[PDB]
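Each remark here refers to the structure printed beneath this line.
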Amino acid sequence: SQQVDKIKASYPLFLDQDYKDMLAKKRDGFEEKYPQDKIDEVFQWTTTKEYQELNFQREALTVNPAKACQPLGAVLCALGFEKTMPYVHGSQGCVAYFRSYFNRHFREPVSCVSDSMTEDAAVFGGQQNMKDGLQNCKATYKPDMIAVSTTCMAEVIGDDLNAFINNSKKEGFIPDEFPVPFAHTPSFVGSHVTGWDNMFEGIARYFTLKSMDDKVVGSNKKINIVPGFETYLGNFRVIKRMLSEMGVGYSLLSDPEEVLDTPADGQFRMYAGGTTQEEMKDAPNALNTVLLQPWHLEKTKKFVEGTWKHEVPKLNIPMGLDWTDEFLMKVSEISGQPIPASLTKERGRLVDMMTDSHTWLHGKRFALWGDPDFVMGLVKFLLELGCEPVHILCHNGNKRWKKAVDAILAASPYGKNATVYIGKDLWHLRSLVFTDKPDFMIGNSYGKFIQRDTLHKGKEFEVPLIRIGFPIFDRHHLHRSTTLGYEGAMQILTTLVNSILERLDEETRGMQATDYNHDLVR
Amino acid sequence: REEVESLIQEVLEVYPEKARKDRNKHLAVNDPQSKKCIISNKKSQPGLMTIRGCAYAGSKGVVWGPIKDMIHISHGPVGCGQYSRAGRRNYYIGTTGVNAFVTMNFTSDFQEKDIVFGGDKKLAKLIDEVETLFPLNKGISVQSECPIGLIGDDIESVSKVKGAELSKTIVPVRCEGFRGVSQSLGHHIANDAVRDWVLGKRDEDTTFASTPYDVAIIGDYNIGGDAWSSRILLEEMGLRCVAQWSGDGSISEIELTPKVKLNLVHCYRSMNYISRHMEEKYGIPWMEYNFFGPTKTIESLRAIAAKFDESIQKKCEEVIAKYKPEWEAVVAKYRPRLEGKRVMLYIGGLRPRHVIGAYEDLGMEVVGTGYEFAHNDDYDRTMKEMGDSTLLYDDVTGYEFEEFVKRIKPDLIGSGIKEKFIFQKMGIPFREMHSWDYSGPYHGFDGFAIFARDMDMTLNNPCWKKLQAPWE
Amino acid sequence: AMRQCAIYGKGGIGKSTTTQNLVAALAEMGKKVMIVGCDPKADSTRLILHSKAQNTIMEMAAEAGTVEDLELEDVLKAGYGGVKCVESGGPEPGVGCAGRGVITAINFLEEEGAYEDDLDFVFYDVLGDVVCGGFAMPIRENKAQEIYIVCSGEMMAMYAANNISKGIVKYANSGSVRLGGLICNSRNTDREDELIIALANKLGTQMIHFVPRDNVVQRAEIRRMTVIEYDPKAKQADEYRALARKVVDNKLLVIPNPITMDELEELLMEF
Amino acid sequence: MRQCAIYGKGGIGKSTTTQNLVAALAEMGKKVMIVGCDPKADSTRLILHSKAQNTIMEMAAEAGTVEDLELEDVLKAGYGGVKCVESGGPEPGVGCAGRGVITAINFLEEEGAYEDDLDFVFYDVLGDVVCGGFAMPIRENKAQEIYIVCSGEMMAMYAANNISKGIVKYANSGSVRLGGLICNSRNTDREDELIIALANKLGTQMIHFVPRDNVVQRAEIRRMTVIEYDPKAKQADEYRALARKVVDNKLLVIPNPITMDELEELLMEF
Ligand SMILES: Nc1ncnc2c1ncn2[C@@H]1O[C@H](COP(=O)(O)OP(=O)(O)O)[C@@H](O)[C@H]1O
Ligand SMILES: Nc1ncnc2c1ncn2[C@@H]1O[C@H](COP(=O)(O)OP(=O)(O)O)[C@@H](O)[C@H]1O
Ligand code: ICS
Ligand code: CLF
Ligand code: SF4
Ligand SMILES: [Be+2]
Ligand SMILES: [Be+2]
Ligand SMILES: [Fe+3]
Ligand SMILES: [Mg+2]
Ligand SMILES: [Mg+2]
């Protein structure tokens, strides 16, 4: 039944007595459900350390991973160049999934095409698919560039992207001079960050490899910034703002901030901003190349050092206080420009907030997960705050990154109770947060299901989630936030302290039971 | 009519020659035999931003995923599962991680060595680990991805051996994405999977007590509780709903389905294969029903009752009388805010024609509709519903849909997520027709109120009047 | 009553030729013998269908759209002695994925019931290298029940036979497929008789027959015929019918025992 | 450096001809390295004097990835200092070997392998080029010289024509060319009847011919290369002759693939 005054959506409509009776009848009659007591015993068993030992011996099953496949990162990197069409040579269901993922995260239109290989294209190859797709895409959407990635089907059968593109150019399907960079992005190795790196290396190769005879280092007096896989627009904005306040000439390669943040003014802008082809062609002339996320920019670093002859600095991600200072100092050394008073003031403001909130922040226990550089930056910043990271999880991490994070933890007295896990998924993390309960988790939307499970064990066992990472689906406009630099540090600090205070207010809202600590001033 | 044809030609004048001829056959002006007007179920033209998915999306995400007590393994690389985890709002009741697994992502997480050396051994070990860690699961399905189909992994043998060894049903589904042209072949493959591995397990069992009022809801995936909002009506009419396919559905209900008296099929496109199979093998009659809006709901309820005795018809009349004032009040409240408005739709394979009656019940006209992966029978069905000199598009592209909307200028557009923000930035209200914009249910009398309220809050929201800066 | 057999071996050993010659001999004896070529080169049915084997499942699958649309009569062509022949086909070398083509063709044939007519024999002729699970599709469950490995002297032939037995073991355990024997396609070698006899006993199989190397085979292949159709009188046409009868009467079906090929290299030193 | 690719019919004697060829170029002054391209790795047995059992694919599986694969653990010396790297793959009927070829060639590109002082890198590919992966040796920056090894028998010539059809696309898209047709023997009536005819119809030449010398099989039994087993025999002299032709080969035209009707007529023509 529905009252026209107060219409109920699924919640709380399905809590009415008629719907409860319907569900009870269905369950009792035809579902053959286990007894409720059995379900309770099994759930209790899933929260025990014995179940954790069983869970951590997995060698073949993955449950609730924390990563995606390479072509997603390839598409994200392709979107950072001006009038550029991401073109995923392979099947369509993948581009459909990529677009769906990115629309849900950004609440933005995302442009990407596929050549839609069928079974016949798998058996016979995708050269004709390559030709027809390139021609159709250029005719229909009119890009200045088409950046080609691959789905796994294409990788397994060994489709030669270079040969297919050259044959397309030679047979007149697309102009010979039209830029079509490509990269092999096999989904069965690495993750989305690897796809981003491979796509960027492909684009840089296409625009720079054959024309290095006339390049000299430092002639354009700029610094190349490679952001890597970045889903916070405030990160691009803060990097650009900090460099501009510094007076440093810079070239942000693969900058998608404009295309992912277009205004709603009655027209649909498919392309906006992005790195220009002139900037890519002039990139070897820079003073140096700075990689913001060095732990998934390995192939790019190899190419830049080997070809462009740039002495890439060994810089951690500019997250937190110490690493932002090391980034600013390195940029000042490379460019010769001093750090302005505005940056010093904003650093001092961040330190002021740190000393203001240290009392509530100290000793808190966090689990966290995400991409390698993001995770290690979060770990460092938490260590600087007096907090205690406990469960550090990175599904797409490697042993060198794990050793680096272990070194970072061992340098601080707040890392003694911290264990770094690589190759483990969110089911492992569910076991971890059940067995060694932390105060909070920090991670993407997928952690919400962990929170639910903890709340099912009891209110006292619940671990609240703090949404910092990718993807964020159940909240709006969090992709506009910042994580890099002092600004991102203040945003993260505020989110952490206010999450702690909100939880404390929730636990002390009980009248005549816990309200004695329901303080007006915290 | 001539204006629509002129717009079709103008839009087509942008594609290359082969693309132009191919796209010419998938656009038509409705004239209330679709083969002579529009052709469907064909390969998409490369590099044009189609909206269609893959066979894996139509098998794992649509058919098998909503089955709650089963564990579904996305066999292959990690991407497919990750992108399809909890993306579809097929509601269910259960304890996730104990006895329900809809929102969970189980995968083999294929590496390079898996491709080079095969993944059957890893598949067997994964089945063993699943059985160890999730004991209350009532079955396993193995949904193949593209590399599995390419390298020829014998997942059927593994399924048979492990089902024998651990005494549980393991359904291997060969839904590799490159098969077919859309999700339709995924629906088909999933349906033969159910037929071959699940449907006939209780064929020799006579323990179930059957009543003459036994009906099975077929092809309702419980989006936002939609199936529930239908089931109650069917139960208020004296009918007993034995099974639901597959939203909030259990393997026991699917096994019990061959015992029903009548099969009420909601989604023809995805479940007609199993419906016809059951009619031919067990002799169960089946028929379509439509619960979108009050008029189609009343017509469907009367049609359902007409298949039974007089008591069912009397209870149907009582149900119609009971729910009459609610939908009359909803109409009297929300129609004046909606009369005369125009809607353009682009949904997958069933909804573009089912939701038309609910739109008409609010005084709203559909001027354009189309399908992602529907067949010719779907267009045959939708020709009668659509008005004269309207627009039909099959497997429309981004450019074509944008140009069609730019020239037609509808009041509302109902479609998927991949164009929601596209049409939002063009100043036209847009309403997700796949996830119900995270709202619903829309089925039944209870869902009609939510449908009307959502239509009003989106069409008449003031934000649409603020897209031009006062100084420009 | 339909016996399903699959012919494997080292590339260039004569699988296709020996297979067609037998199908001719079986047809002369009198039995309906389907040939299924699992080679993208579309070369397994040329001495029997004459011509060049023309139509393939994959090519009309591409022509008609998807594999579902195409009808069985299009690719199924009867030839000499009523020998119905079908070839999977595939891409030109260096592109595509032939294994998927073989998988699609085999599924096509089952769902259209090509085998499930009242036949007597089905002979799959598989490529020599077998680099993926698709080319092992003829030896899955409900597929070919007997396997014949064609080999010769030297070292590469027995090496490939041992490796193919290694690969066969998994499907033999997973199903009901068994190795029926070894066909020795003599090249010119010396002591190859003892070599192959010893190798078969080492693997637990038998030497079902020995085929001499004769140029009448080349002569008949140039004119697009088998030897049974070219000239029944000649020798080397006799021990095609001979091993045809031997295959008909064969009963030793075993699971192969692959040997750590240090043992095979020793065997080469001895024999 | 002359990166070359040995293609042709399966079982026609590629790794045999290739191994004695590189051994003849060895102890002639030059430095060579063999790279195989088929899972049943035995293309370096003669030079290595033993089957490898240490290929790129199994070691990558053991370590976990090719990123952990150090180069020195898969490259070995041999007769005349010939480097040999076997790359390997799955047992028959399982997995995907073409992806193994892709991964191993990419690994050899990444780890500095080709950038030594050697003269020829001889890739040696299986007869059944069933997917694009096995066509990796003829990609861009890869081998530039294809030597189709085929015999006078009809089926070998048909395989050579099919391979030419396959490599047309790579030749047009890149710079790899058909160096010449390598002729082995089956003691047929051809040996100029359909080998020079096919070569000129493919626009190419037959670069020397090696007949059915029985010595090669008994040298194969001995783990041996002919010049290493009988360094004063007729087969060994023929193999220096082949090495000499390989040294001074200049005809590098794009293959022109003749049609099936042309092959059928050519069979009766000779
Ligand atoms: N017994 C034989 N005597 C002479 N030549 C033969 C004999 N068997 C096969 N051949 C020749 O060997 C060539 C290779 O045979 P083929 O059928 O291609 O084997 P596969 O299919 O295993 O490569 C054929 O062209 C054929 O003429
Ligand atoms: N010139 C020759 N004289 C005698 N036997 C040869 C000659 N060339 C090759 N063979 C034999 O034929 C077999 C061919 O096998 P292999 O060299 O592996 O061919 P492929 O590499 O093309 O498969 C070898 O084992 C060898 O004994
Ligand atoms: S199954 Fe189909 S695309 Fe019939 S794949 Fe799709 S929950 Fe659509 S128009 Mo999402 S043929 Fe269902 C559908 Fe309709 S997922 Fe839902 S809304 S009625
Ligand atoms: S049609 Fe392979 S991991 Fe899955 S997203 Fe694709 S690159 Fe990445 Fe596409 S979704 Fe999958 S892969 Fe095919 S079955 Fe359909
Ligand atoms: S090895 Fe087999 S499965 Fe892999 S790409 Fe080649 S033909 Fe296809
Ligand atoms: Be062969
Ligand atoms: Be070979
Ligand atoms: Fe937005
Ligand atoms: Mg053959
Ligand atoms: Mg070889």
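We name chains A, B, ... following the order of the structure tokens; residues begin at 1 in each chain, and ligands are numbered from 1 as shown.
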Task: Long-range neighbours of stretch 111-113 of chain C as a PyMOL selection string, 12 Å cut-off, only C-alpha atoms, 2 positions minimum in chain - done: chain C and resi 67-76+104-109+115-119
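Proximal residues of ligand 1 are residues 9, 10, 11, 12, 13, 14, 15, 16, 17, 18, 127, 128, 185, 186, 211, 212, 213, 214, 215, 217, 218 and 221 of chain C; 10, 153, 154, 155 and 156 of chain D, by a cut-off of 7 Å on only C-alpha atoms and all ligand atoms.
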Would you mind exporting N, CA, C and O atoms of the selected residues as a CSV table (one decimal), in the first residue's frame?
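Result file is result.csv:
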```
chain,number,residue,atom,x,y,z
C,9,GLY,N,50.5,-36.5,-34.3
C,9,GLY,CA,51.8,-36.9,-34.6
C,9,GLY,C,52.6,-35.7,-34.9
C,9,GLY,O,52.2,-34.5,-34.8
C,10,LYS,N,53.9,-35.9,-35.3
C,10,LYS,CA,54.8,-34.8,-35.6
C,10,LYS,C,54.4,-34.2,-37.0
C,10,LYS,O,53.9,-34.9,-37.9
C,11,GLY,N,54.5,-32.9,-37.1
C,11,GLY,CA,54.3,-32.2,-38.3
C,11,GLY,C,55.1,-32.7,-39.5
C,11,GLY,O,56.3,-33.0,-39.3
C,12,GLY,N,54.6,-32.9,-40.6
C,12,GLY,CA,55.3,-33.4,-41.8
C,12,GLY,C,55.5,-34.9,-41.8
C,12,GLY,O,56.3,-35.4,-42.5
C,13,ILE,N,54.7,-35.6,-40.9
C,13,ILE,CA,54.9,-37.1,-40.9
C,13,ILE,C,53.9,-37.8,-41.8
C,13,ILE,O,54.1,-39.0,-42.0
C,14,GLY,N,52.9,-37.2,-42.2
C,14,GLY,CA,52.0,-37.8,-43.1
C,14,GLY,C,50.6,-38.1,-42.6
C,14,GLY,O,49.9,-39.0,-43.1
C,15,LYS,N,50.2,-37.4,-41.6
C,15,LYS,CA,48.9,-37.6,-40.9
C,15,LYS,C,47.8,-37.5,-41.9
C,15,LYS,O,47.1,-38.5,-42.2
C,16,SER,N,47.8,-36.3,-42.6
C,16,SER,CA,46.7,-36.0,-43.5
C,16,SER,C,46.6,-37.1,-44.6
C,16,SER,O,45.6,-37.6,-45.0
C,17,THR,N,47.8,-37.4,-45.2
C,17,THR,CA,47.8,-38.3,-46.3
C,17,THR,C,47.4,-39.7,-45.9
C,17,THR,O,46.6,-40.3,-46.5
C,18,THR,N,48.0,-40.2,-44.8
C,18,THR,CA,47.7,-41.5,-44.4
C,18,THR,C,46.3,-41.6,-44.0
C,18,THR,O,45.6,-42.6,-44.2
C,127,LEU,N,46.4,-31.0,-36.2
C,127,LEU,CA,47.7,-30.5,-36.5
C,127,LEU,C,48.8,-31.2,-35.8
C,127,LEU,O,48.5,-31.9,-34.8
C,128,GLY,N,50.0,-30.9,-36.2
C,128,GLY,CA,51.1,-31.7,-35.7
C,128,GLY,C,51.6,-31.2,-34.3
C,128,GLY,O,52.2,-32.0,-33.6
C,185,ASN,N,55.3,-44.1,-40.2
C,185,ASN,CA,55.4,-43.6,-41.6
C,185,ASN,C,56.8,-43.5,-41.9
C,185,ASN,O,57.5,-42.5,-41.7
C,186,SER,N,57.4,-44.6,-42.5
C,186,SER,CA,58.8,-44.6,-42.8
C,186,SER,C,59.2,-43.5,-43.7
C,186,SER,O,58.6,-43.2,-44.7
C,211,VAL,N,54.2,-48.3,-42.6
C,211,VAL,CA,53.9,-47.8,-44.0
C,211,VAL,C,55.2,-47.5,-44.6
C,211,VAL,O,56.0,-46.7,-44.1
C,212,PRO,N,55.6,-48.2,-45.7
C,212,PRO,CA,56.8,-47.8,-46.5
C,212,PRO,C,56.7,-46.5,-47.2
C,212,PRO,O,55.6,-46.0,-47.5
C,213,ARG,N,57.8,-45.9,-47.5
C,213,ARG,CA,57.8,-44.6,-48.2
C,213,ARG,C,57.9,-44.9,-49.7
C,213,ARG,O,58.9,-45.5,-50.2
C,214,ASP,N,56.8,-44.6,-50.4
C,214,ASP,CA,56.8,-44.9,-51.9
C,214,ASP,C,56.3,-43.6,-52.6
C,214,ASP,O,55.6,-42.8,-52.0
C,215,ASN,N,56.8,-43.5,-53.8
C,215,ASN,CA,56.5,-42.2,-54.6
C,215,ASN,C,55.1,-42.2,-55.2
C,215,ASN,O,54.7,-41.2,-55.8
C,217,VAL,N,52.5,-42.3,-53.6
C,217,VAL,CA,51.8,-41.3,-52.8
C,217,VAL,C,51.9,-39.9,-53.3
C,217,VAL,O,50.9,-39.2,-53.5
C,218,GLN,N,53.1,-39.5,-53.7
C,218,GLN,CA,53.4,-38.2,-54.2
C,218,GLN,C,52.7,-38.1,-55.6
C,218,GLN,O,52.1,-37.0,-55.9
C,221,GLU,N,49.0,-37.6,-55.0
C,221,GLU,CA,48.7,-36.3,-54.4
C,221,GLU,C,48.8,-35.2,-55.4
C,221,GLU,O,48.1,-34.2,-55.4
D,10,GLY,N,56.2,-27.7,-41.0
D,10,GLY,CA,56.5,-28.5,-39.8
D,10,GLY,C,57.2,-29.8,-40.2
D,10,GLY,O,56.7,-30.5,-41.0
D,153,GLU,N,58.3,-31.7,-52.1
D,153,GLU,CA,57.0,-32.3,-52.0
D,153,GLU,C,55.9,-31.2,-52.0
D,153,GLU,O,56.2,-30.1,-51.6
D,154,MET,N,54.8,-31.6,-52.6
D,154,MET,CA,53.7,-30.7,-52.8
D,154,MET,C,53.3,-29.9,-51.5
D,154,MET,O,53.0,-28.7,-51.5
D,155,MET,N,53.1,-30.7,-50.5
D,155,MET,CA,52.5,-30.2,-49.2
D,155,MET,C,53.4,-29.1,-48.6
D,155,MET,O,53.0,-28.1,-48.1
D,156,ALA,N,54.8,-29.3,-48.7
D,156,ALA,CA,55.7,-28.3,-48.2
D,156,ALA,C,55.6,-27.0,-49.0
D,156,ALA,O,55.7,-25.9,-48.4
```
Open item on the list: Please determine, counting only C-alpha atoms and all ligand atoms, which residue among B:89, B:177, B:15, B:96 has the shortest atom-to-atom distance to ligand 4.
Closed with: B:177
Open item on the list: Quick one: residues within 7 Å of residue D:15, only C-alpha atoms, excluding same-chain residues fewer than 3 positions away - as a PyMOL selection string?
Closed with: chain D and resi 18-19+43+124
Okay, now the selection with C-alpha atoms, as a PDB file, in the first residue's frame?
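Just written: again15.pdb:
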```
ATOM      1  CA  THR D  18      69.242 -23.989 -38.788  1.00  0.00           C
ATOM      2  CA  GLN D  19      71.569 -25.630 -36.262  1.00  0.00           C
ATOM      3  CA  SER D  43      65.712 -26.096 -31.414  1.00  0.00           C
ATOM      4  CA  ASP D 124      63.376 -20.653 -35.624  1.00  0.00           C
TER       5      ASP D 124
END
```
TODO: Using only C-alpha atoms and all ligand atoms, find each protein or nucleic acid residue lying at most 6 Å from ligand 3; present the set as a ChimeraX atom specification.
DONE: /B:58,62,221,267,269-270,347-351,434
Deliver the residues from the most recent selection as a file, using N, CA and C atoms, as a short mmCIF file (atom, residue, chain, number, x, y, z; two decimals), in the first residue's frame.
```cif
data_model
loop_
_atom_site.label_atom_id
_atom_site.label_comp_id
_atom_site.auth_asym_id
_atom_site.auth_seq_id
_atom_site.Cartn_x
_atom_site.Cartn_y
_atom_site.Cartn_z
N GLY B 58 25.55 -10.41 -19.95
CA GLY B 58 24.20 -10.93 -20.02
C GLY B 58 24.01 -12.26 -19.32
N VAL B 62 23.21 -10.72 -15.39
CA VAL B 62 21.77 -10.66 -15.60
C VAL B 62 21.07 -11.90 -15.05
N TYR B 221 14.09 -9.84 -12.25
CA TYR B 221 15.37 -9.79 -11.56
C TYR B 221 15.34 -8.88 -10.35
N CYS B 267 10.22 -10.76 -18.57
CA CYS B 267 11.21 -10.43 -19.60
C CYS B 267 11.24 -11.55 -20.62
N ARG B 269 12.80 -11.34 -23.56
CA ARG B 269 14.06 -11.37 -24.29
C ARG B 269 15.09 -12.27 -23.61
N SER B 270 15.03 -12.35 -22.28
CA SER B 270 16.06 -13.06 -21.53
C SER B 270 15.66 -14.47 -21.11
N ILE B 347 16.69 1.67 -23.83
CA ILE B 347 16.98 0.66 -22.82
C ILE B 347 17.28 -0.66 -23.54
N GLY B 348 17.60 -1.69 -22.77
CA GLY B 348 18.22 -2.87 -23.35
C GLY B 348 17.39 -3.74 -24.26
N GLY B 349 16.47 -4.53 -23.71
CA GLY B 349 15.69 -5.41 -24.57
C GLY B 349 14.23 -5.61 -24.26
N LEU B 350 13.75 -5.12 -23.13
CA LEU B 350 12.34 -5.32 -22.80
C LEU B 350 11.65 -4.05 -22.35
N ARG B 351 12.33 -3.21 -21.59
CA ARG B 351 11.77 -2.04 -20.92
C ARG B 351 11.34 -0.90 -21.85
N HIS B 434 17.71 1.63 -16.00
CA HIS B 434 18.32 0.35 -15.67
C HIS B 434 18.37 0.11 -14.17
#
```
Open item on the list: ligand 4: which residues are within 6 Å, counting only C-alpha atoms and all ligand atoms? Reply as a PyMOL selection string.
Closed with: (chain A and resi 69+91-94+151-152+187) or (chain B and resi 54+56+77-80+145-146+176-178)
- [ ] Would you please give, as a PyMOL selection string, all residues of stretch 31-253 of chain C that DSSP assigns to helix (DSSP H, G or I) based on the backbone?
- [x] chain C and resi 57-63+72-75+80-82+98-112+133-139+156-174+192-203+216-222+227-230+238-248
Task: Neighbourhood of ligand 10 at 7 Å, counting only C-alpha atoms and all ligand atoms, reported as a ChimeraX atom specification - done: /D:11,13-15,42-43,126
Could the residues in this selection be saved with N, CA, C and O atoms as a PDB file, in the first residue's frame?
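As written to disk, part-v1.pdb reads:
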```pdb
ATOM      1  N   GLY D  11      58.291 -30.093 -39.510  1.00  0.00           N
ATOM      2  CA  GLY D  11      58.993 -31.333 -39.750  1.00  0.00           C
ATOM      3  C   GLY D  11      59.852 -31.352 -40.990  1.00  0.00           C
ATOM      4  O   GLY D  11      60.428 -32.400 -41.308  1.00  0.00           O
ATOM      5  N   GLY D  13      62.604 -29.928 -41.351  1.00  0.00           N
ATOM      6  CA  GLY D  13      64.001 -29.859 -40.978  1.00  0.00           C
ATOM      7  C   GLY D  13      64.500 -28.444 -40.799  1.00  0.00           C
ATOM      8  O   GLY D  13      65.517 -28.062 -41.382  1.00  0.00           O
ATOM      9  N   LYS D  14      63.789 -27.652 -39.999  1.00  0.00           N
ATOM     10  CA  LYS D  14      64.205 -26.284 -39.730  1.00  0.00           C
ATOM     11  C   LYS D  14      65.348 -26.256 -38.726  1.00  0.00           C
ATOM     12  O   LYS D  14      66.459 -25.843 -39.069  1.00  0.00           O
ATOM     13  N   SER D  15      65.099 -26.713 -37.496  1.00  0.00           N
ATOM     14  CA  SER D  15      66.117 -26.664 -36.451  1.00  0.00           C
ATOM     15  C   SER D  15      67.341 -27.490 -36.801  1.00  0.00           C
ATOM     16  O   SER D  15      68.442 -27.190 -36.338  1.00  0.00           O
ATOM     17  N   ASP D  42      63.264 -27.892 -28.608  1.00  0.00           N
ATOM     18  CA  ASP D  42      64.446 -28.693 -28.911  1.00  0.00           C
ATOM     19  C   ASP D  42      65.266 -28.062 -30.033  1.00  0.00           C
ATOM     20  O   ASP D  42      66.105 -28.733 -30.642  1.00  0.00           O
ATOM     21  N   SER D  43      65.033 -26.782 -30.319  1.00  0.00           N
ATOM     22  CA  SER D  43      65.712 -26.096 -31.414  1.00  0.00           C
ATOM     23  C   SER D  43      67.177 -25.790 -31.121  1.00  0.00           C
ATOM     24  O   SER D  43      67.895 -25.368 -32.034  1.00  0.00           O
ATOM     25  N   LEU D 126      58.080 -22.843 -35.408  1.00  0.00           N
ATOM     26  CA  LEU D 126      57.337 -24.055 -35.716  1.00  0.00           C
ATOM     27  C   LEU D 126      56.657 -23.958 -37.080  1.00  0.00           C
ATOM     28  O   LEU D 126      56.518 -22.882 -37.666  1.00  0.00           O
TER      29      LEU D 126
END
```
- [ ] Report as a VMD selection string the set of chain A residues whose atoms approach chain C to within 6 Å, with distances computed over only C-alpha atoms.
- [x] chain A and resid 120 122 to 125 157
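Here is the contact set of chain B against chain D, at 8 Å and counting only C-alpha atoms: residues 112, 113, 114, 115, 116, 117, 118, 119, 151, 152 and 153 of chain B.
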Take the residues from that selection and put them in a file with C-alpha atoms, as a PDB file, in the first residue's frame.
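As a result, result-v1.pdb now contains:
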```
ATOM      1  CA  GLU B 112      50.266 -14.755 -17.378  1.00  0.00           C
ATOM      2  CA  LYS B 113      51.199 -18.288 -16.312  1.00  0.00           C
ATOM      3  CA  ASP B 114      47.497 -19.164 -16.157  1.00  0.00           C
ATOM      4  CA  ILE B 115      47.076 -18.205 -19.816  1.00  0.00           C
ATOM      5  CA  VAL B 116      50.273 -19.923 -20.941  1.00  0.00           C
ATOM      6  CA  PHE B 117      49.839 -23.170 -18.987  1.00  0.00           C
ATOM      7  CA  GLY B 118      46.074 -23.425 -18.511  1.00  0.00           C
ATOM      8  CA  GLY B 119      43.769 -22.781 -15.595  1.00  0.00           C
ATOM      9  CA  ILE B 151      42.560 -21.047 -24.921  1.00  0.00           C
ATOM     10  CA  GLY B 152      39.975 -23.834 -24.757  1.00  0.00           C
ATOM     11  CA  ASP B 153      40.064 -24.627 -21.048  1.00  0.00           C
TER      12      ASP B 153
END
```
Open item on the list: as a VMD selection string, please: the residues near residue A:228 (cut-off 9 Å, only C-alpha atoms, same-chain neighbours under 4 positions excluded).
Closed with: chain A and resid 77 193 196 to 197 200 254 291 to 294 296 to 297
